[PDB]
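K.L.:
Here you go, one structure.
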Amino acid sequence: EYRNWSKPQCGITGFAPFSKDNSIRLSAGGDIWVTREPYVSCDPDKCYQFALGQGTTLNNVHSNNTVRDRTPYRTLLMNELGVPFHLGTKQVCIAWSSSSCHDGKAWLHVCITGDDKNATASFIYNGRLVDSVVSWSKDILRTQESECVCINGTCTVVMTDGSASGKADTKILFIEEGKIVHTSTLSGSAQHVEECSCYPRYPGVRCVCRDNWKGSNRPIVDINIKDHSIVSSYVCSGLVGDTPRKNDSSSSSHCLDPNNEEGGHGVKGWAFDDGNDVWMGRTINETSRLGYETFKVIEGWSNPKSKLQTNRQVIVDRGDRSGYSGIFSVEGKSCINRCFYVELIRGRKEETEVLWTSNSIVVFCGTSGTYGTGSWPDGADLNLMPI
Amino acid sequence: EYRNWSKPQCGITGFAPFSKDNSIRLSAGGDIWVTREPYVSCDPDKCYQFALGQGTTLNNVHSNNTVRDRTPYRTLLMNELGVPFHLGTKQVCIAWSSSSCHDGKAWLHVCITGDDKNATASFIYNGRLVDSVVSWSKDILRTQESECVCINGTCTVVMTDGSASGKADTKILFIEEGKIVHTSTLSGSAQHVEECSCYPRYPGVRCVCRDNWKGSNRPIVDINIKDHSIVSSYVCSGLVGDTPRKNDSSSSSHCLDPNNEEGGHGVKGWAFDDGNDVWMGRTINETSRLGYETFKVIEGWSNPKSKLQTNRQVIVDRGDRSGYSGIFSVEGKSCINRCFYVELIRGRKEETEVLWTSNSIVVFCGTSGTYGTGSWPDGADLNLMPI
Amino acid sequence: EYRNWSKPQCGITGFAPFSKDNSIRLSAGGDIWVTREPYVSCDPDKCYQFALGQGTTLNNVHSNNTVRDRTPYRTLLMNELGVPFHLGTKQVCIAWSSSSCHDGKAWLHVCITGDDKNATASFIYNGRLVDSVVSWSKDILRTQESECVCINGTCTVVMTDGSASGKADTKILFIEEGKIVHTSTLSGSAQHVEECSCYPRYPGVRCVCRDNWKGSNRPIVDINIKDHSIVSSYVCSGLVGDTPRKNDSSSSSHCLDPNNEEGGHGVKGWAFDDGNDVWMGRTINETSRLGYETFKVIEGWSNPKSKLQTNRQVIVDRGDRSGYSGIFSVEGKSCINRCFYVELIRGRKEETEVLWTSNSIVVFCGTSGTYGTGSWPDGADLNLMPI
Amino acid sequence: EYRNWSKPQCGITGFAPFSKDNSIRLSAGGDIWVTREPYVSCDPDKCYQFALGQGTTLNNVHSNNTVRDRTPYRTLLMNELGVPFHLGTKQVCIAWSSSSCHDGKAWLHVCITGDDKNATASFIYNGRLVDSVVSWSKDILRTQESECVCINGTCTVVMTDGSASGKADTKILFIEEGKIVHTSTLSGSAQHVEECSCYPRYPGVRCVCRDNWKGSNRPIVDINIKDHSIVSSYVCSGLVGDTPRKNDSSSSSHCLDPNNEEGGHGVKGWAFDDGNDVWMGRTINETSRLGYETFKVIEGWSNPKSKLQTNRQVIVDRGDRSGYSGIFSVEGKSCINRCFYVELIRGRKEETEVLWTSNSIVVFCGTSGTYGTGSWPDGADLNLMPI
Amino acid sequence: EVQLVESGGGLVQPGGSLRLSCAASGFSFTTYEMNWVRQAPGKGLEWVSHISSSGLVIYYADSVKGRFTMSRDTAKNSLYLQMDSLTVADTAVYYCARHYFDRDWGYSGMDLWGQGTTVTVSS
Amino acid sequence: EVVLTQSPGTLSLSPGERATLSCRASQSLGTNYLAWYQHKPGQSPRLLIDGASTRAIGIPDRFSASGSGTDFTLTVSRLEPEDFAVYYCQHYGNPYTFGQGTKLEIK
Ligand SMILES: *[C@@H]1O[C@H](CO)[C@@H](O[C@@H]2O[C@H](CO)[C@@H](O[C@@H]3O[C@H](CO[C@H]4O[C@H](CO)[C@@H](O)[C@H](O[C@H]5O[C@H](CO)[C@@H](O)[C@H](O)[C@@H]5O)[C@@H]4O)[C@@H](O)[C@H](O[C@H]4O[C@H](CO)[C@@H](O)[C@H](O)[C@@H]4O[C@H]4O[C@H](CO)[C@@H](O)[C@H](O)[C@@H]4O)[C@@H]3O)[C@H](O)[C@H]2NC(C)=O)[C@H](O)[C@H]1NC(C)=O
Ligand SMILES: *[C@@H]1O[C@H](CO)[C@@H](O[C@@H]2O[C@H](CO)[C@@H](O[C@@H]3O[C@H](CO[C@H]4O[C@H](CO)[C@@H](O)[C@H](O[C@H]5O[C@H](CO)[C@@H](O)[C@H](O)[C@@H]5O)[C@@H]4O)[C@@H](O)[C@H](O[C@H]4O[C@H](CO)[C@@H](O)[C@H](O)[C@@H]4O[C@H]4O[C@H](CO)[C@@H](O)[C@H](O)[C@@H]4O)[C@@H]3O)[C@H](O)[C@H]2NC(C)=O)[C@H](O)[C@H]1NC(C)=O
Ligand SMILES: *[C@@H]1O[C@H](CO)[C@@H](O[C@@H]2O[C@H](CO)[C@@H](O)[C@H](O)[C@H]2NC(C)=O)[C@H](O)[C@H]1NC(C)=O
Ligand SMILES: *[C@@H]1O[C@H](CO)[C@@H](O[C@@H]2O[C@H](CO)[C@@H](O)[C@H](O)[C@H]2NC(C)=O)[C@H](O)[C@H]1NC(C)=O
Ligand SMILES: *[C@@H]1O[C@H](CO)[C@@H](O[C@@H]2O[C@H](CO)[C@@H](O)[C@H](O)[C@H]2NC(C)=O)[C@H](O)[C@H]1NC(C)=O
Ligand SMILES: *[C@@H]1O[C@H](CO)[C@@H](O)[C@H](O)[C@H]1NC(C)=O
Ligand SMILES: [Ca+2]
Ligand SMILES: [Ca+2]
Ligand SMILES: [Ca+2]
Ligand SMILES: [Ca+2]
């Protein structure tokens, strides 16, 4: 009944299309929630799509200036993967920062809301509020914005509190049936850790996060469930995965320290290791959240300096908008599959023909078979959509 | 199978955010029921939100004059907690006054509708009408407007009939599987009892109600499920929870009698004891239903004359509208948790920019952990909403 | 597993309000199916509402001129009792005439569609088409427009073929798991039998039907489930239940023949026996479907020339619009309860300010307890509703 | 648990109406998906309806130019049979070419998307991506657009890659729990095979496809599940089932080769054998997809010269618009029943009154009983419908 | 949109035969009652004959009974009035009219009419 | 053997007065199967009132009718130049019968 993820990682030659939301296209006719920061988590039976709603639909007066990240009206929406966030969608908690877990028995939802400097993290397991914690750094308390990982009944969540540009306080919280049993301060060589994309790497949890302060390479947090030990590093891949970044010819990595190359900002992304190689996804645009590509770097997990690429896939075309991306793992018959989602942001602060900011999602799953090419953008024509 | 609520009460340092529906904000775009007098009741698996619908949606010609309390078209709406009252919502009975129970096996709904002077209470258990009773005082027959409590399959509901500003006939009904097995007239010190917020206090049931006649302190009803005995008193906290009331410096209370201080009106509220202390919620405004705060009063359950509060949380900011509030208990792994909802009334008779009256709901649950601050108002802008 | 209905009939002192959909009121804002000829039928767990849709919603161009009963687009809609017929409603079959059964294992739907001269009755059991039968009289083949009854897995349905005032052939079909195992022609003293309100009266089934040519008294069809023998008669009460009818002072019944009093038309209605007495419902208006009342006639099931009313209840005010009514039975803990629904028709051929015809329902269930008075009309104002 | 379809075929005298979604009529008021290429498949309990959505609703700015067959936004919608594709409908995968299977344990979805010359086929079983294959001919990779057949846990799907006007590479894929265990190149005398309507003919699978190259007679693919053997022929019946075709006087078939009679185009259709006879459905119009008829050809499965028709049923009237049609099988109590659906295409490239292309569906099921006549067209008035 | 178009009217010799045809455009003949109504020149409307949606001829005008045969063919959605032994009392403008029988409400008025066809019987 | 007798004949009014059109049945009809039609010259008859009380779809609000038993009335509240035509009352119950008609003239 408790998920252990003990099977080996699936042999992955690439990724195959799995799910598309079409939320913004459906918003032109029909009541669809205004969302951002989505992610995908699966119970043992099926997968669910989560998103932070803005307390409004798109064809709504309250859809105005929905570019704000933290409002009292933000809630975590939960549908089965493929069901668009319509008016029958269940909002499972109040949150402008969220992370969701299924441990094999019940769902665990980690929800942060409240004031910026006095945010409250609510731990909701099996439909009940079990635990709660306050901000420790009295700044914007934030979590993975993706699925957390449970092993043997113990779920782990990475929480950051403090400055977004500067040293912040990152904690790894071990939660058992909604109850916080242990809290570990982040240790290792990673300096800034936010919005971790975590996957089960038995007997532990591995997280690929974003450095928002000094690095375009992505930090790595390795969590041992057995003894609650934390170590930190970066991804050695010479092709860095954060946006903004330097171009492919001039980028670099150290995987012990941030590369100090256009690391002032970032975007949530993912990576996972295939032996010494790394599968990663990133925006095609090196400075903007435009397009999305996935590829494999030869010796990219164990060798800074590697820039050798293979198995490149265009998920979102270079001129089309992308956003946050994260990983989620699905247990197979004999192997654990790595899948990822791409958030397709449309709206304000980059497109000024509408007053709202919202997103659609596209989901890809790893495959050991063959696949072709394509591009799966949001596809909504904002020039014809209501404000 | 039957619920006994024999676990001890969870330790409470305060309350953490649990749920928010954003009903009015979603009503601007989308078909959302016009509701009032909501409450939350949970089966052993998940929680449900209830409300008294007005037979119409907000963007509807029939939403006009929805400030009326009793109409033939009012029905009890029942959704899972989090799912807003959209057009797919089930209305489980005809009721302009309602109370809902889960005994561990099936839902019990106590529904009152019909003429003000000749009203029927229908008792629906497991989807079937099992019993019914007529108004005994030939006045507005009304019930708790919150969740009722079943212990060992015996559910208790508090029903009042008679003058709202005078002596009224209150009866405690003992219902087994929808059938009225006993009916006890209210006895004790409380003179006026209405809209009781009842929670399981094993081996019995304790209810905190509103005195709409001559008290700003809240009456207490103690119900013994085995013996069927009823005893009445008042909340002894010097900080009274009813609106209207006097300010904290001037307000006084009594352990047995109404305080005769701005008691001619009232609002549905809640309170529960933690040893000699009382956890209570009330509106921040002393005369209007503006804002909502919760706090613990030291020796507030056993000592009148105690105005020493602590652990104060602002649920709704003082400038924002609140409404009815009630308690509901959720069984945990080892303890019983106390949770409360706040109805956020928006619309007519206090805001004349719209023709309708409706509400949103915010749900908080008790926590033994830590929490921050914040405010979670309704958030709709009625100046831009359809009239 | 197979429902047998061997429990006695519950003692009934009247009826208590059970359900109300507010369909027309919700149609003004929101997409609600255009329906007519509704009925209620319950599986052994919960009750379901059925209606014949017109292939359109109300706020639709296709809702124009929806007064006709037979179109190719009519389908049988099925929701849980309480859920309004929104766009998520399942249409379970094609039918402009329908009857639904639950035998304790699965749902049986009898659905008639096609040409007037050549109609097909499809029998869908457990979601599959199990049998079909063609018209025998090559006229409008029609069925109850209400729940049929199953005893020991054998469901009985009354089907009529022919003209409502010319020659009409009425057959009783015995269906087992969707298969027509026997077909018996109607035998007895009743001649025009249509839209039978059938209920289980162990060891048989008793139907109270509608006479469209000669009688304002309602025909009775008694079906022996074991021998498949049919007995026909009429209701003996001097207060007849059909509309049109004569005054209570000037009316008569024979209950072995039609009374030949204003019987050239009719409406679907119900009656069930309580010993020698009859519980019956009818419109308050003797000429039009205005208002609805229920009452018990003393010795009204056995003695004609009996006009002794008692326990009268106003379900719909005389000024408000009613329509088809029918009976459905709910098994209780120890007895069989009799409940009824009233269709509240609004729209064309009686209200010409709109172009559509649709209905809501109100459901009442028999009660052994006490009840008050009231009126539960449709409540929609058609002057402000979309035309 | 695994479905083996070992029962014989039910004796079929014709087909009775089963389901009708009224999608376009409900689109005029309400939010309904724009779809095309629908089909019906059933799990051992219920029948589900599938369609390829266009990523938009009908009353939407994005419904413009929905006549295109392959777009990145197309997804496979999956609802219960009867529930129209409303906004709560789940899209199970990204696909502009689809086929769905239930092997008795879980659903299999074969979904093709991506570039026209580099399409990807995803294989989704039990809500997981299990396998993936790339286009082998680098042309439009396509599949059955109907239900596929599983025997003993082994599902078989027919996939074609190549040109619509010449020789194409048709492959038969054997899938076990989402994993491709064998791939067989098409063998036999069928020259062009496309959009196969497959039904279980135990111990194997028989598929009736369309020839888009050189024949108006429908090709047959015979698949042996035990041996993975493929045999190809043509439906011998002289009354050819494809559109375009010749008139009933001049139509011919070779039973081994295409007839070279207006065979340059085609429509998806179905046929199944009843001994030496064939039950087939086709458009009434020879050149256009107008009207739909079903009949039985005496000795039509073996004699290439037989034109003896019987048991003709009109499903859609001659002047009304039909579309794709396909077969699906339902396990009864003692045999396997054959059912068929007809797509009712409305909109662009034939009806220029609207800017969108969409469809409705009507479902008929085989019956051993009697049935009448009728016609069940889409029934939407596009002159009044929103463009 | 629904329509009724009649044809086949023209000059006829007294004691002759004529077949009037009325075609339906939008609706279907299988669910509506259909009627023939004539207006003699200088007189009011006269109901000639009525056929049910089931194909039965309920009514014939007493004057035309035994001389006029009214039928229909739902395959071509056409209505026919076979007129035999025409007299001088049969020259009129002939209308095919449509009304509905409701299972619940019974008959309704004839709401759909055709353009009208002229029959002239002279010499 | 009902004989629908239309009391007013070749009635004349002005564009804006009230028209009172009467239809008397020889015997009690026994039902509401009474209909009113408008028959302008050179045009097909148009159903105005069905069921002796129900206005047809698309008929202007001016046309209203009432009555039962033997006497049925059709009233045009405010005449317009379009409303000048021949008006027929029809009994579409057994026995089928039309009225002789009543025409509105301009004054
Ligand atoms: C709160 O709600 C409750 C529950 O709903 C109400 O209690 C109910 O009250 C109604 C009042 O009508 C009781 O209805 C029963 O109906 C009969 C009278 O109905 C007359 O009207 C109907 C339709 O309008 C017609 O059929 C008849 O009217 C005419 O009929 C013919 C015409 O040709 C004439 O012959 C008649 O004269 C009329 O002109 C009906 O008469 C009646 O049969 C019935 O019984 C009472 O009256 C008879 C006659 O004397 C008595 O024999 C019988 O015993 C009843 O009278 C007493 O009954 C009990 C006995 O203790 C007590 O209630 C009283 O002592 C009472 O006098 C009766 O009236 C319905 O039964 C009842 N339901 C209950 C009690 O469960 C409350 O009124 C309501 N309260 C308020 C304040 O609104
Ligand atoms: C109520 O509903 C039921 C069920 O839906 C209807 O019964 C059905 O009626 C249809 C009428 O179409 C029956 O179809 C059968 O079709 C065969 C002939 O094909 C015809 O259809 C198509 C297009 O219309 C064309 O192919 C044919 O036209 C020509 O085709 C070729 C040219 O290439 C020629 O060679 C043909 O000869 C045609 O000229 C036709 O129009 C045929 O099987 C069948 O005809 C019957 O009668 C002929 C005598 O000429 C016999 O040879 C033949 O065996 C059939 O005999 C049956 O007749 C009745 C039917 O029960 C029985 O009494 C007999 O014992 C025997 O079974 C027929 O036309 C369809 O079979 C039938 N379905 C049933 C009964 O289940 C009812 O009509 C309907 N009632 C209404 C609307 O009032
Ligand atoms: C409680 O609420 C009332 C309003 O419901 C507040 O009263 C208003 O205060 C403003 C202050 O400028 C006055 O101008 C209004 O006349 C007051 N009444 C109303 C109805 O608007 C009141 O200040 C609030 N707070 C307290 C502590 O009483
Ligand atoms: C019930 O109906 C009868 C008619 O069947 C009414 O009695 C008649 O009333 C009318 C109107 O005054 C008279 O023209 C008849 O002469 C009366 N008698 C008959 C037998 O026709 C009776 O008044 C009605 N009762 C009520 C209370 O409405
Ligand atoms: C409701 O339906 C009627 C019937 O189709 C529509 O009215 C018809 O419109 C056509 C075209 O204008 C005319 O040829 C018919 O004579 C009309 N019928 C009648 C009796 O008026 C009507 O427009 C529809 N109403 C709406 C609002 O869509
Ligand atoms: C309450 O019911 C539960 C049901 O499992 C039972 O385990 C528990 O012991 C009960 N408590 C009491 C005091 O009856
Ligand atoms: Ca960075
Ligand atoms: Ca008070
Ligand atoms: Ca009658
Ligand atoms: Ca072809």
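Just remember, in the structure tokens the first chain shown is A, the second B, etc., residues are 1-based per chain, and ligands are 1-based in the order shown.
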From a DSSP calculation on the backbone, collect every residue of chain E in strand (DSSP E) and output the set as number ranges by chain.
P.N.:
E: 4-7, 11-12, 17-24, 33-39, 45-51, 57-60, 68-73, 78-84, 92-99, 101-102, 106-107, 112-113, 117-121
K.L.:
Return as a list in words the residues of protein, DNA or RNA that approach ligand 6 to within 12 Å, with only C-alpha atoms and all ligand atoms taken into account.
P.N.:
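Within the 12 Å cut-off, the matching residues are residues 1, 2, 3, 4, 5, 6, 7, 8, 44, 103, 104, 105, 150, 151, 152, 153, 202, 203, 204, 331, 333 and 334 of chain B.
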K.L.:
Show me, as a PyMOL selection string, the residues of chain C whose atoms get within 12 Å of chain F, using only C-alpha atoms for the distance check.
P.N.:
chain C and resi 64-67+165+213-214+244+261-266+287-288+347-356+387
K.L.:
Restricting it to N, CA, C and O atoms, dump the selection as an mmCIF file, in the first residue's frame.
P.N.:
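Result file selection.cif:
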data_model
loop_
_atom_site.group_PDB
_atom_site.id
_atom_site.type_symbol
_atom_site.label_atom_id
_atom_site.label_comp_id
_atom_site.auth_asym_id
_atom_site.auth_seq_id
_atom_site.Cartn_x
_atom_site.Cartn_y
_atom_site.Cartn_z
ATOM 1 N N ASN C 64 -36.790 26.642 -29.459
ATOM 2 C CA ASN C 64 -38.015 27.147 -30.121
ATOM 3 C C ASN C 64 -38.905 25.970 -30.491
ATOM 4 O O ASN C 64 -38.441 24.970 -30.995
ATOM 5 N N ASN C 65 -40.157 26.113 -30.198
ATOM 6 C CA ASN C 65 -41.193 25.147 -30.561
ATOM 7 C C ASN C 65 -40.804 23.734 -30.127
ATOM 8 O O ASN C 65 -40.643 22.819 -30.935
ATOM 9 N N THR C 66 -40.652 23.570 -28.814
ATOM 10 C CA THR C 66 -40.335 22.283 -28.209
ATOM 11 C C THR C 66 -41.552 21.662 -27.532
ATOM 12 O O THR C 66 -41.416 20.871 -26.597
ATOM 13 N N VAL C 67 -42.750 22.012 -28.001
ATOM 14 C CA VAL C 67 -43.969 21.498 -27.391
ATOM 15 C C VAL C 67 -44.346 20.125 -27.935
ATOM 16 O O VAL C 67 -45.106 19.397 -27.285
ATOM 17 N N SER C 165 -58.445 7.722 -28.501
ATOM 18 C CA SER C 165 -59.903 7.671 -28.524
ATOM 19 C C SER C 165 -60.468 6.639 -29.486
ATOM 20 O O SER C 165 -61.643 6.283 -29.349
ATOM 21 N N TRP C 213 -60.354 9.051 -23.499
ATOM 22 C CA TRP C 213 -61.564 9.246 -24.292
ATOM 23 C C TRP C 213 -62.798 9.363 -23.407
ATOM 24 O O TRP C 213 -63.532 10.348 -23.518
ATOM 25 N N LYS C 214 -63.052 8.401 -22.523
ATOM 26 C CA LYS C 214 -64.367 8.329 -21.900
ATOM 27 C C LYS C 214 -64.377 8.718 -20.427
ATOM 28 O O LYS C 214 -65.310 9.386 -19.974
ATOM 29 N N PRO C 244 -59.220 16.829 -17.634
ATOM 30 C CA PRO C 244 -60.372 17.512 -17.024
ATOM 31 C C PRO C 244 -61.264 16.606 -16.182
ATOM 32 O O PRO C 244 -61.199 15.387 -16.276
ATOM 33 N N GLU C 261 -67.654 11.308 -17.838
ATOM 34 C CA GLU C 261 -67.773 12.683 -17.367
ATOM 35 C C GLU C 261 -66.506 13.439 -17.725
ATOM 36 O O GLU C 261 -65.487 13.293 -17.043
ATOM 37 N N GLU C 262 -66.572 14.246 -18.779
ATOM 38 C CA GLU C 262 -65.477 15.124 -19.186
ATOM 39 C C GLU C 262 -64.177 14.337 -19.347
ATOM 40 O O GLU C 262 -63.095 14.770 -18.950
ATOM 41 N N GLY C 263 -64.305 13.157 -19.946
ATOM 42 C CA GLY C 263 -63.189 12.240 -20.033
ATOM 43 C C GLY C 263 -62.463 12.243 -21.361
ATOM 44 O O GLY C 263 -61.621 11.375 -21.604
ATOM 45 N N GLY C 264 -62.744 13.228 -22.209
ATOM 46 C CA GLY C 264 -62.201 13.251 -23.553
ATOM 47 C C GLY C 264 -60.742 13.650 -23.638
ATOM 48 O O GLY C 264 -60.178 13.743 -24.732
ATOM 49 N N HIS C 265 -60.123 13.888 -22.489
ATOM 50 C CA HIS C 265 -58.702 14.197 -22.409
ATOM 51 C C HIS C 265 -58.231 13.654 -21.060
ATOM 52 O O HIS C 265 -58.985 12.949 -20.378
ATOM 53 N N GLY C 266 -57.000 13.957 -20.671
ATOM 54 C CA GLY C 266 -56.516 13.459 -19.399
ATOM 55 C C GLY C 266 -55.139 13.997 -19.072
ATOM 56 O O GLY C 266 -54.600 14.847 -19.779
ATOM 57 N N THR C 287 -60.159 21.786 -14.836
ATOM 58 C CA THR C 287 -60.098 21.855 -16.292
ATOM 59 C C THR C 287 -58.685 21.962 -16.838
ATOM 60 O O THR C 287 -58.400 21.414 -17.904
ATOM 61 N N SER C 288 -57.789 22.650 -16.142
ATOM 62 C CA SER C 288 -56.415 22.813 -16.588
ATOM 63 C C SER C 288 -55.446 22.276 -15.545
ATOM 64 O O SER C 288 -55.797 22.055 -14.385
ATOM 65 N N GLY C 347 -44.171 27.126 -20.159
ATOM 66 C CA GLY C 347 -43.898 27.426 -21.548
ATOM 67 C C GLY C 347 -45.091 27.433 -22.478
ATOM 68 O O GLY C 347 -46.205 27.777 -22.079
ATOM 69 N N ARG C 348 -44.860 27.021 -23.722
ATOM 70 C CA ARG C 348 -45.802 27.277 -24.800
ATOM 71 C C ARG C 348 -47.073 26.443 -24.668
ATOM 72 O O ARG C 348 -47.125 25.426 -23.970
ATOM 73 N N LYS C 349 -48.104 26.907 -25.374
ATOM 74 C CA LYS C 349 -49.486 26.452 -25.434
ATOM 75 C C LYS C 349 -50.255 26.844 -24.176
ATOM 76 O O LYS C 349 -51.477 26.704 -24.153
ATOM 77 N N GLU C 350 -49.589 27.349 -23.142
ATOM 78 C CA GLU C 350 -50.254 27.970 -22.001
ATOM 79 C C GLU C 350 -49.605 29.269 -21.558
ATOM 80 O O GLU C 350 -50.282 30.093 -20.936
ATOM 81 N N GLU C 351 -48.328 29.486 -21.858
ATOM 82 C CA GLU C 351 -47.609 30.715 -21.538
ATOM 83 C C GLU C 351 -46.866 31.121 -22.807
ATOM 84 O O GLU C 351 -45.883 30.480 -23.188
ATOM 85 N N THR C 352 -47.338 32.179 -23.463
ATOM 86 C CA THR C 352 -46.874 32.536 -24.795
ATOM 87 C C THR C 352 -45.801 33.619 -24.793
ATOM 88 O O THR C 352 -45.460 34.135 -25.863
ATOM 89 N N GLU C 353 -45.256 33.975 -23.633
ATOM 90 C CA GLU C 353 -44.159 34.932 -23.586
ATOM 91 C C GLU C 353 -42.804 34.284 -23.837
ATOM 92 O O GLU C 353 -41.801 34.996 -23.920
ATOM 93 N N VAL C 354 -42.752 32.958 -23.967
ATOM 94 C CA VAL C 354 -41.544 32.248 -24.363
ATOM 95 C C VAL C 354 -41.903 31.303 -25.500
ATOM 96 O O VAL C 354 -43.070 30.971 -25.716
ATOM 97 N N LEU C 355 -40.882 30.874 -26.235
ATOM 98 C CA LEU C 355 -41.063 29.975 -27.367
ATOM 99 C C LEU C 355 -40.847 28.511 -27.014
ATOM 100 O O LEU C 355 -41.079 27.646 -27.862
ATOM 101 N N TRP C 356 -40.421 28.210 -25.795
ATOM 102 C CA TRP C 356 -40.043 26.859 -25.414
ATOM 103 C C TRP C 356 -41.073 26.260 -24.466
ATOM 104 O O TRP C 356 -41.904 26.955 -23.882
ATOM 105 N N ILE C 387 -36.459 34.312 -24.369
ATOM 106 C CA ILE C 387 -37.629 33.859 -25.110
ATOM 107 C C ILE C 387 -37.269 32.719 -26.052
ATOM 108 O O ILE C 387 -37.145 31.570 -25.632
#
K.L.:
Using only C-alpha atoms, find the one residue out of F:106, F:85, F:49, F:74 that sits nearest to chain E.
P.N.:
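Closest to chain E of all the choices is F:49.
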K.L.:
Check every protein, DNA and RNA residue against ligand 7, keep those with an atom at most 12 Å away (counting only C-alpha atoms and all ligand atoms), and present them as JSON, numbers by chain.
P.N.:
{"A": [164, 165, 166, 191, 192, 193, 194, 195, 209, 210, 211, 212, 213, 214, 215, 216, 217, 218, 219, 234, 240, 241, 242, 243, 244, 245, 246, 258, 259, 260, 261, 262, 263, 264, 265, 266, 267, 268, 269, 286, 287]}
K.L.:
Kindly provide the residues of chain B that approach chain A to within 7 Å, each paired with its closest atom pair and their distance in Å to one decimal, based on only C-alpha atoms, listed by chain and increasing number, as CSV.
P.N.:
residue,atom,partner,partner_atom,distance
B:16,CA,A:122,CA,6.4
B:17,CA,A:94,CA,6.5
B:18,CA,A:93,CA,5.5
B:19,CA,A:93,CA,4.8
B:20,CA,A:94,CA,6.1
B:22,CA,A:55,CA,5.7
B:25,CA,A:56,CA,5.7
B:26,CA,A:56,CA,5.1
B:28,CA,A:60,CA,5.8
B:29,CA,A:60,CA,4.7
B:30,CA,A:31,CA,5.6
B:46,CA,A:127,CA,5.5
B:82,CA,A:91,CA,4.7
B:83,CA,A:90,CA,4.4
B:84,CA,A:88,CA,6.9
B:86,CA,A:87,CA,6.4
B:365,CA,A:129,CA,6.5
B:367,CA,A:131,CA,6.2
B:368,CA,A:131,CA,6.9
B:369,CA,A:132,CA,4.9
B:370,CA,A:133,CA,4.5
B:371,CA,A:134,CA,4.4
B:372,CA,A:118,CA,4.6
B:373,CA,A:118,CA,5.5
B:374,CA,A:114,CA,4.4
B:375,CA,A:114,CA,6.7
B:376,CA,A:72,CA,5.2
B:384,CA,A:61,CA,6.6
K.L.:
Between E:68, E:83, E:96, E:29, single out the one closest to ligand 2, counting only C-alpha atoms and all ligand atoms.
P.N.:
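Closest candidate: E:29.
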K.L.:
Would you mind telling me which residue in E:50, E:43, E:105, E:58 lies nearest to ligand 9 when using only C-alpha atoms and all ligand atoms?
P.N.:
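Result for the nearest residue to ligand 9: E:105.
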K.L.:
At a cut-off of 7 Å, using only C-alpha atoms, what residues contact segment 309-322 of chain D? Leave out same-chain residues fewer than 4 positions from it and give the result as a PyMOL selection string.
P.N.:
chain D and resi 14+283-285+289-298+342-345+373-377
K.L.:
Can you list, as a PyMOL selection string, every protein, DNA or RNA residue that comes within 12 Å of residue 308 of chain A when you count only C-alpha atoms, leaving out same-chain residues fewer than 5 positions away?
P.N.:
chain A and resi 237-239+248-249+277-278+295-301+303
